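S.K.: Sequence, then the experimental structure. Questions to follow.
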Amino acid sequence: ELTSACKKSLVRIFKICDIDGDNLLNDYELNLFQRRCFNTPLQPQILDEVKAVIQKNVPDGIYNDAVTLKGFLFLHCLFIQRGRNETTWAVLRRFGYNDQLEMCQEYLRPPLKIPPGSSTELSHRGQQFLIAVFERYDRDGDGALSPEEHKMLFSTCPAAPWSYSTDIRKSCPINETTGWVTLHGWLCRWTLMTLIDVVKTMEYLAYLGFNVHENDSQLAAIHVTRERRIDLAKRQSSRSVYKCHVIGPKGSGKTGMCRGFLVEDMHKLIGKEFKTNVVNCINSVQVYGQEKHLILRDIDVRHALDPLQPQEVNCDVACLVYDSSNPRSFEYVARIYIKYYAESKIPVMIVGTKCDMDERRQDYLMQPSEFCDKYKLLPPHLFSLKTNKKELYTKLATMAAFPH
Ligand SMILES: Nc1nc2c(ncn2[C@@H]2O[C@H](COP(=O)(O)OP(=O)(O)O)[C@@H](O)[C@H]2O)c(=O)[nH]1
Ligand SMILES: N[C@@H](CCO)C(=O)O
Ligand SMILES: [Mg+2]
Ligand SMILES: [Mg+2]
Ligand code: NA
């Protein structure tokens, strides 16, 4: 008595409207999403009639003066078999369904003219939404999303935007004990996606129901930033998300360097092997007060003469890495710099890893010390995972946020 494709569309709407995450449609949200769908307040008497019909026709359809899912599914079923499908359709089309009961294309991905070089970030409304969503599906209240709670959150989506086991836990700040995604790591992962894939982050906000909750296009969730000259506008379009590429020889200890951004104690990453290749790592640092998100993409270099794609070169700040305890290491950094970054406008910081080990001579012509002196570069930064200091990451973010 109710089509299967309609049940799937009604089971999503219920979850989106379940703002308390108690599997019930309480009095408040029902009246709220009545204005969202019909731009009129829900009359107090009609709600009683609804809750009277549901309770008498459906077993446990009304729980604690609130509508359950089976009560919600029955009501719209009752609407259709009484010649009132336009009431259900108004709800269905508000949550972005067409006549084929599938998500509308213009509803999922609205047109966004994004200038070349301009970055895309989460607006305040976008962050406020994603925080609210995090709270709803964090049932245990540990301030983290378990793999169970994560799947339940993206049960209203055709699929998760990322894996849980091989992505969000291995690329974002997680809880040390439970090993689960905290609110911070949750916001970090969305920040990453928003920057590198806008049409995807908006697509998923629609499934989650940002367009219904915020009562606006998901364009209101997206903030387009751009580094400009001195402007006297009222809207501060200052960036807050910077992408940092980490280049250098293989085994120079930069893969573990990126992963150390996420953990408090980086010392455990020494003997640990990385059985899952992660492209980008993201975390938040403080740069002169303002919160700043930095992305660390590690790019290994096999052969010295092997070319680098412009997608690998172009970034906000290049972190050239050499193994300080290796004589044959620095040679790669020299080549990469002179070829791609010497005549560039991208800030670049040379980092010598494994400074806990004995700093050796370099079999190159120039040593890292005077190599920077020749090209007016800041002196090489000695990095170690045993030191456990986040000073390097904050400088990387600082170099991206400021000249030169
Ligand atoms: N002593 C020391 N060894 C390190 C450090 N970082 C990485 N390593 C070593 O580097 C090896 C892993 O290399 P990896 O980071 O995967 O190479 P990469 O992907 O080119 O950066 C491990 O066996 C560690 O012993 C460090 O800060 N200190
Ligand atoms: N569809 C609900 C309101 C929105 O959840 C009703 O009319 O009962
Ligand atoms: Mg939890
Ligand atoms: Mg590597
Ligand atoms: Na609710």
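M.R.: On my side now, so go ahead. Residues are numbered from 1 along each chain as shown. Ligands and ions are numbered 1, 2, ... in the order given.
S.K.: right, and the secondary structure at the residue in the stretch 1-150 of the chain positioned nearest to ligand 5 would be what?
M.R.: For the stretch 1-150 of the chain and ligand 5, the shortest gap (CB to the ion) falls at residue 20, measuring 3.6 Å. For the C-beta atoms, the positions are set from N, CA and C on the backbone; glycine is no exception. Following DSSP: H, G, I helix; E, B strand; the rest coil, residue 20 is assigned to coil.
S.K.: Touching, residue 326 and residue 252? I think so.
M.R.: Yes: using CB atoms under 8 Å, residue 326 is in contact with residue 252, at 7.5 Å.
S.K.: Just want to know which of these two has more residues nearby.
M.R.: Neighbour count, other CB atoms under 10 Å: between residue 326 and residue 252, residue 252 has more, with 28 against 20.
S.K.: which non-adjacent residue is nearest that one?
M.R.: Nearest non-adjacent residue to residue 252, counting by CB to CB, 6 or more residues apart in numbering: residue 323, 4.4 Å away.
S.K.: before we move on, the earlier item: what is the neighbour count of the residue of the stretch 1-150 of the chain closest to ligand 5?
M.R.: Neighbours around residue 20, by other CB under 10 Å: 13.
S.K.: So it sits against residue 27, correct?
M.R.: No: using CB under 8 Å, residue 20 makes no contact with residue 27, being 11.2 Å away.
S.K.: Just the closest residue of this structure to ligand 4, please.
M.R.: Distances between the chain and ligand 4 by CB to the ion are smallest at residue 255, namely 3.4 Å.
S.K.: Check the gap between residue 267 and residue 260 for me.
M.R.: The spacing between residue 267 and residue 260, counted by CB to CB, to the nearest Å, is 9 Å.
S.K.: Tell me which of those two has more neighbours.
M.R.: For residue 267 and residue 260, the more surrounded residue by other CB under 10 Å is residue 260, and the numbers stand at 24 against 15.
S.K.: Nearest residue to that one in space, ignoring adjacent ones along the chain?
M.R.: residue 266 (3.6 Å).
S.K.: which other helices and strands contact the host helix or strand of residue 32?
M.R.: In the assignment (DSSP states H and E), residue 32 maps to helix 27-38. Helix 27-38 sits against helix 4-17, helix 44-57, helix 85-94, with contacts defined as 3 or more CB pairs under 8 Å, 6 or more residues apart in numbering; DSSP states H and E.
S.K.: Make JSON lines from the ones you listed and add mean neighbour count and distance to residue 230 to it.
M.R.: Converted to JSON lines, those look like this (neighbours: other CB atoms under 10 Å; distance: least, CB to CB, whole Å):
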{"stretch": "helix 4-17", "mean neighbour count": "17", "distance to residue 230": "43"}
{"stretch": "helix 44-57", "mean neighbour count": "13", "distance to residue 230": "56"}
{"stretch": "helix 85-94", "mean neighbour count": "16", "distance to residue 230": "44"}
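S.K.: Present the ones you listed as a markdown table; the columns should include distance to ligand 2.
M.R.: Converted to a markdown table, the helices and strands packed on helix 27-38 look like this (distance: least, CB to the nearest ligand atom, whole Å):
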| stretch | distance to ligand 2 |
| --- | --- |
| helix 4-17 | 5 |
| helix 44-57 | 6 |
| helix 85-94 | 5 |
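S.K.: among those, which is nearest residue 339?
M.R.: Set against residue 339 and scored by CB to CB, the helices and strands packed on helix 27-38 come closest in helix 4-17, at 51.2 Å.
S.K.: What lies in contact with that closest one?
M.R.: 25, 29-30, 33, 69, 72-73, 76, 91-92, 95, 97, 101-102, 155-156, 207-209, 212-213 (CB atoms under 8 Å, 6 or more residues apart in numbering).
S.K.: Just the buried residues of those.
M.R.: 25, 29-30, 33, 69, 72-73, 76, 91-92, 95, 97, 156, 207-209, 212-213 (16 or more other CB atoms under 10 Å).
S.K.: so how far is stretch 248-266 from its chain's centroid?
M.R.: 21 Å (CA atoms, centre = their mean, to the nearest Å).
S.K.: Does that stretch reach ligand 1?
M.R.: Yes: counting by CB under 6 Å from any ligand atom, ligand 1 has neighbours in stretch 248-266: 250, 251, 252, 253, 254, 255, 256.
S.K.: Buried residues in that stretch, which are they?
M.R.: In stretch 248-266, counting by 16+ other CB under 10 Å, buried: 248-249, 252-263, 266.
S.K.: Next, the distance between the ends of it.
M.R.: 20 Å (CA to CA, to the nearest Å).
S.K.: Ok, stretch 98-118 next?
M.R.: End to end - CA to CA - stretch 98-118 spans 33 Å.
S.K.: Residue 31 and residue 42 touch, don't they?
M.R.: Yes: the pair residue 31 / residue 42 is scored as a contact, 4.2 Å apart, by CB under 8 Å.
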